[PDB]
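Methodologically, a virtual Cβ is constructed for each residue, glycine included, from the backbone with ideal geometry; neighbour enumeration extends over all protein chains shown. Just so you know, all these numbers are worked out from the coordinates, no wet-lab data involved.
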Amino acid sequence: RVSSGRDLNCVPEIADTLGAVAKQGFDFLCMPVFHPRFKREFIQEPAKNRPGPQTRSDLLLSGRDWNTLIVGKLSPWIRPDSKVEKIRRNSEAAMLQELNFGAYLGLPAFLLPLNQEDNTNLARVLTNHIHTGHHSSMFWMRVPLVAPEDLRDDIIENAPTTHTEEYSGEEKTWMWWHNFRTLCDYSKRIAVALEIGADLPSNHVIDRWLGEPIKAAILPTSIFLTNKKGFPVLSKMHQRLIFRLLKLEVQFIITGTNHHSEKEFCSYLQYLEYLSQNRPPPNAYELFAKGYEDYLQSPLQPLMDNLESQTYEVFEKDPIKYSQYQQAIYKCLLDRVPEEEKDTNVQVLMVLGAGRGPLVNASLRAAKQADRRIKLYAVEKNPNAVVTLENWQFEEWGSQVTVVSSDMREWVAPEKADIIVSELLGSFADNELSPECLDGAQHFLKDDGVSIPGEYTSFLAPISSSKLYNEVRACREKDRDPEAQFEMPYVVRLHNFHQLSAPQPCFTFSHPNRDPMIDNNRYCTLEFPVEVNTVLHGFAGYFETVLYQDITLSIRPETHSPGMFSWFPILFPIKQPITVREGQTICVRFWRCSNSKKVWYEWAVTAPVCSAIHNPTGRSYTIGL
Amino acid sequence: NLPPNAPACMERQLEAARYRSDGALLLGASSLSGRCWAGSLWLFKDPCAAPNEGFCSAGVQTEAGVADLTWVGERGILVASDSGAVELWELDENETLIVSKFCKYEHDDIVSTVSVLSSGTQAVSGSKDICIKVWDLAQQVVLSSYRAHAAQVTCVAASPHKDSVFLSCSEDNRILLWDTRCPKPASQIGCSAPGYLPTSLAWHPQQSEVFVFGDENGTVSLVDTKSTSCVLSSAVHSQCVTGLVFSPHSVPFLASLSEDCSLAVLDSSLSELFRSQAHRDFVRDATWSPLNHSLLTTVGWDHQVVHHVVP
Ligand SMILES: Cc1ncnc2c1ccn2[C@@H]1O[C@@H]2[C@@H](Oc3ccc4cc(Br)c(N)nc4c3)CC[C@]2(O)[C@H]1O
């Protein structure tokens with residue numbers, strides 16, 4: 001299922017050309033809206049008074065066709081950054097005319113090239129068009145992986161091609177894009193149409209496009225190799241990039257004439273459909289996460305707020321998570337009570353934050369496996385979840401389980417526990433306040449008692465994602481700090497991003513907390529080596545937890561628990577993007593702060609440059625105690 | 001009376017005007033606006049009856065527009081098309097029809113410039129796809145393909161008497177001297193200063209190591225390939241120099257085409273002798289009469305075929 005388009009710069013009859021590309025199987029068509037050679041004058045007479053029409057009529061297609069099948073293209077003679085003033089003034093007038101016409105037609109996308117370093121005036125004129133009205137139309141900046149100057153044949157005897165490695169120079173077209181979208185102030189309407197050449201650049205040059213809003217990939221017919229039967233095909237390296245772009249769900253565009261003339265134009269299409277059908281299928285996690293890609297969510301605050309029914313339902317449909325919890329209990333029971341005591345000793349187990357009872361059931365299953373005697377207390381503060389627990393206790397569990405409707409920090413337990421079990425962990429481990437909860441409860445755990453989980457560690461990693469930076473920027477709410485959306489974390493399935501350095505551990509908590517003076521506050525400095533040129537947009541947060549001994553759960557990509565889809569990564573953004581060069585170190589500082597009523601995080605980048613301290617005093621984000 | 005196969009009307013945008021050795025005018029026209037964006041080829045054995053369709057010797061329509069044209073001998077017509085094809089059309093045995101010889105889609109974008117090489121067996125083309133292709137007219141194939149430029153190819157001009165030599169100029173600011181005999185065929189030439197983009201080229205018809213070029217600012221420059229640093233230059237036009245054509249004279253005159261809607265006629269020192277504001281739109285070609293050397297014909301986007309009497 002590849003959505004594809006045909007790029008044409010020659011359309012004699014619009015209807016016949018449209019029907020032609022349709023028969024060939026193309027979903028849309030990129031075409032000129034004014035004749036590409038029809039240079040127009042706006043200042044100088046007599047050419048200014050040229051009789052009309054200036055182009056073909058809108059009546060030639062239905063409104064629907066214009067909205068869905070046509071991608072406009074700027075005329076190649078429009079040069080807003082030309083050194084000739086007369087050309088600069090005229091191209092500004094022509095650029096506006098063409099863009100206004102495409103907006104008049106209701107075109108879904110419109111293409112403009114970035115075929116040189118300086119596009120300041122092209123940016124001034126486009127930005128101006130965006131701020132003239134309020135529309136949904138996209139602008140696809142046609143930009144190549146390799147600039148033409150860097151891919152030209154070595155055939156100029158007195159002007160030869162440089163055979164030296166220029167790490168930064170090979171990434172010149174990315175800088176063209178970067179500068180153009182910076183000038184246009186990261187408009188959500190401006191995206192990349194990435195043109196792939198016959199020869200691929202170094203992987204660093206390709207990786208430089210990670211986290212960028214790529215909406216289209218342009219494949220010229222020329223890059224296609226010929227197979228033994230005469231069919232157009234691609235090199236193993238070109239396939240790698242195609243597969244990468246398929247994940248980003250870009251629209252593929254075929255540009256150029258048919259060079260495999262024995263076959264039809266649908267042969268270029270058939271190859272892409274074949275490549276699309278022959279990729280690894282969506283695995284349990286990738287199938288689950290589908291739809292949530294780069295979708296920002298507020299992290300849950302299950303202590304302050306009572307969770308909804310369908311939320312516990314989602315938590316529950318994660319077999320791996322509770323399989324591991326079962327195994328951690330099963331292991332702890334054998335270690336605590338020997339086979340000789342298998343009928344004398346009854347273990348007091350306390351599920352702290354029982355929800356709808358998945359850990360109460362997992363404890364029962366662990367006992368009917370370890371063949372040991374257990375007493376259960378199912379503590380839950382959410383009275384709505386307690387209704388589920390008490391209807392469970394009556395109809396199944398019986399007197400074996402004591403349902404407690406209380407806050408675990410307030411509860412006066414009749415006896416002590418051998419094991420306190422809980423699932424109070426967030427995507428950043430301690431973000432749902434697992435430390436504070438378990439500290440208020442550890443008074444009713446036996447002097448030799450076990451906590452499942454016994455330990456948890458959060459991890460941070462610097463990331464680049466212009467898509468997620470803009471996604472956050474758009475989270476501006478009235479009646480609050482206009483910059484507040486940057487001073488809060490988000491639970492998101494990070495998809496279009498680039499991990500700038502390996503995750504490093506951030507905050508660690510251990511239960512029981514045997515410390516004489518318990519302090520859950522933290523200050524931590526991380527130094528991240530970056531071996532690429534990039535733009536820092538924020539930090540991806542993850543976690544790892546020891547439930548019991550070797551039985552663990554992890555969302556850190558290097559050690560991610562297989563098939564476990566409960567927690568998505570967390571994101572700590574920064575207000576202003578930070579330029580990072582190859583070889584530099586990203587230094588971040590994170591604090592975990594609290595008072596008697598609330599807990600929060602503060603953060604700051606101190607290298608290569610400083611950021612402001614994010615979330616001072618919990619002004620934008622706090623977690624209620 | 002309109003000939004058989006010839007279209008009822010001619011497309012407004014007149015692109016090319018080429019006098020044959022016998023005095024018969026060849027026309028190239030494109031439909032650049034309106035519903036259909038195609039082109040056509042015309043022959044006027046009576047040049048004073050053009051652009052009137054019903055008073056032509058031959059006429060045909062092309063699939064797409066006509067960006068450039070050139071006479072391949074006395075019966076052949078080589079066309080640079082928007083389709084990406086370089087087309088060869090041949091005159092009828094009676095010279096009453098214009099029949100398709102070949103239509104090869106080799107370029108990935110609009111073909112904008114064509115020049116047939118001194119022999120007449122080969123030709124060179126320049127496209128917006130940044131390529132330059134050397135063609136075998138007889139074999140109907142591309143012999144060589146050169147990606148020397150970094151932006152679209154604006155002009156390609158074959159040497160008057162060398163089948164290996166030809167000039168090219170692009171929006172990448174390079175003027176390239178080509179010699180297919182050299183292992184690296186192109187060589188970057190021109191004045192010391194980079195200046196403004198080159199738009200048009202014209203070899204000298206007598207001095208085989210001299211040519212002229214027009215820039216995007218209206219400047220016409222006199223260049224020696226040898227001294228490879230220009231001496232003479234005249235700001236002939238207020239806008240882009242579209243074309244440069246040399247008169248058939250032993251001491252040739254230089255016709256200057258422009259987007260400023262004017263025509264100028266210059267001498268050996270690039271001085272103005274004539275000027276015509278006759279056109280109301282862009283001047284797209286110039287062709288000196290073979291029969292009357294002091295007669296010069298121009299076409300424009302205003303659908304005019306003006307015949308100038310050059311003093
Ligand atoms: C002081 C106190 N006393 C008694 N109960 C308490 C408290 C503090 C919290 N709770 C209870 O703990 C339960 C918590 O269970 C879960 C279950 C699954 C999760 C999955 C993910 Br993904 C995730 N991010 N977090 C999860 C949290 C949240 C929902 C819950 O039922 C609260 O009411």
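Report, by residue number, each residue of segment A:314-324 that is in a helix (DSSP H, G or I) and either touching a residue at least 12 places away in the same chain (Cβ under 8 Å) or at positive phi (or both).
Within segment A:314-324, A:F315, A:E316, A:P319, A:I320, A:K321, A:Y322, A:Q324 qualify.
Give me a count of the residues in segment A:594-625 that are in a strand (DSSP E or B) and aliphatic (A, V, I, L, M).
So the answer is 5.
Specify which of the listed residues (A:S451, A:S406) is more than 14 Å from chain B (Cβ to nearest Cβ), more than 9 Å from the ligand (Cβ to nearest atom) and polar (S, T, N, Q).
From the options A:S451, A:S406, the qualifying one is A:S451.
Which residues, taken from segment A:409-445, are out of contact with any strand residue (DSSP E or B) (no Cβ under 8 Å at 6 or more places or on another chain), more than 20 Å from A:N306 (Cα to Cα) and within 12 Å of the ligand (Cβ to nearest atom)? Talk me through it step by step, then tell me what you get.
Restricting attention to segment A:409-445, the residues satisfying the condition of being out of contact with any strand residue (DSSP E or B) (no Cβ under 8 Å at 6 or more places or on another chain) are A:409-410, A:412, A:414, A:423, A:439-440, A:443.
Now restrict to residues that are more than 20 Å from A:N306 (Cα to Cα): A:412, A:414, A:439, A:443.
Correct list: A:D439 only.
For a quick check of your reading of the model, give me the residue pairs whose first member lies in segment A:231-246 and is closer than 24 Å to A:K263 by Cα, whose second is small (G, A, S) and buried (at least 17 other Cβ atoms within 10 Å of the Cβ), with beta-carbon atoms closer than 9 Å and at least 6 apart or on different chains.
Close Cβ pairs (under 9 Å, with a partner that is small (G, A, S) and buried (at least 17 other Cβ atoms within 10 Å of the Cβ)) amount to A:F231/A:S267; A:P232/A:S267; A:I242/A:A217.
Looking only at residues in segment A:80-95 that are outside any helix (DSSP H, G or I) and surrounded by fewer than 22 Cβ atoms within 10 Å (Cβ to Cβ), which one is farthest from the other protein chains (Cβ to nearest Cβ)?
A:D81
Only one of these conditions is not met by A:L210: (1) part of a loop (DSSP other than H, G, I, E, B); (2) surrounded by fewer than 20 Cβ atoms within 10 Å (Cβ to Cβ); (3) touching a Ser or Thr at 6+ places or on another chain (Cβ under 8 Å). Which number is it?
(2) is the only condition that A:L210 fails.
Taking the conditions exactly as written (more than 14 Å from chain B (Cβ to nearest Cβ), farther than 16 Å from A:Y322 by Cα, within 16 Å of the ligand (Cβ to nearest atom) and buried (at least 23 other Cβ atoms within 10 Å of the Cβ)), does A:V379 satisfy them or not? Before you say what the answer is, go through the steps one by one.
Working: more than 14 Å from chain B (Cβ to nearest Cβ): yes; farther than 16 Å from A:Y322 by Cα: yes; within 16 Å of the ligand (Cβ to nearest atom): yes; buried (at least 23 other Cβ atoms within 10 Å of the Cβ): yes.
Yes: the conditions hold for A:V379.
What number goes with the only condition from (1) in a loop (DSSP other than H, G, I, E, B); (2) of a type outside the set (K, R); (3) within 14 Å of another protein chain (Cβ to nearest Cβ) that B:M10 does not pass?
Tallying (1) in a loop (DSSP other than H, G, I, E, B); (2) of a type outside the set (K, R); (3) within 14 Å of another protein chain (Cβ to nearest Cβ), B:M10 fails exactly one: (3).
Tell me, which strands (runs of 3 or more DSSP E) lie completely within segment B:88-136 with 3 or more residues that are crowded, with 18+ Cβ neighbours inside 10 Å and not charged (D, E, K, R)?
In segment B:88-136, B:111-116, B:122-127, B:132-136 are the strands (runs of 3 or more DSSP E) which contain 3 or more residues that are crowded, with 18+ Cβ neighbours inside 10 Å and not charged (D, E, K, R).
Based on this model, can you work out whether A:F101 counts as touching a residue at least 60 places away in the same chain (Cβ under 8 Å), closer than 21 Å to B:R35 by Cβ and buried (at least 18 other Cβ atoms within 10 Å of the Cβ)?
no
B:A148: surrounded by 19 or more Cβ atoms within 10 Å (Cβ to Cβ), assigned to a loop (DSSP other than H, G, I, E, B) and over 18 Å from the mean Cα position of the chain (by Cα), yes or no? I'd like the intermediate steps shown before the answer.
Details: surrounded by 19 or more Cβ atoms within 10 Å (Cβ to Cβ): yes; assigned to a loop (DSSP other than H, G, I, E, B): yes; over 18 Å from the mean Cα position of the chain (by Cα): yes.
Yes.
Within segment A:519-593, considering only strands (runs of 3 or more DSSP E) that don't extend past its boundaries, which have at least 1 residues that are within 16 Å of the ligand (Cβ to nearest atom)?
In segment A:519-593, the matching strands (runs of 3 or more DSSP E) lie at A:534-548, A:551-554, A:570-580.
For residues that are touching a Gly at 6+ places or on another chain (Cβ under 9 Å) and outside any helix (DSSP H, G or I), scanning just segment A:454-481, find the one that is nearest to the ligand (Cβ to nearest atom).
Residue satisfying both the conditions and the ranking: A:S458.
Here is a check on your reading of the model: is B:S164 crowded, with 21+ Cβ neighbours inside 10 Å, away from chain A (no Cβ under 13 Å) and polar (S, T, N, Q)?
no
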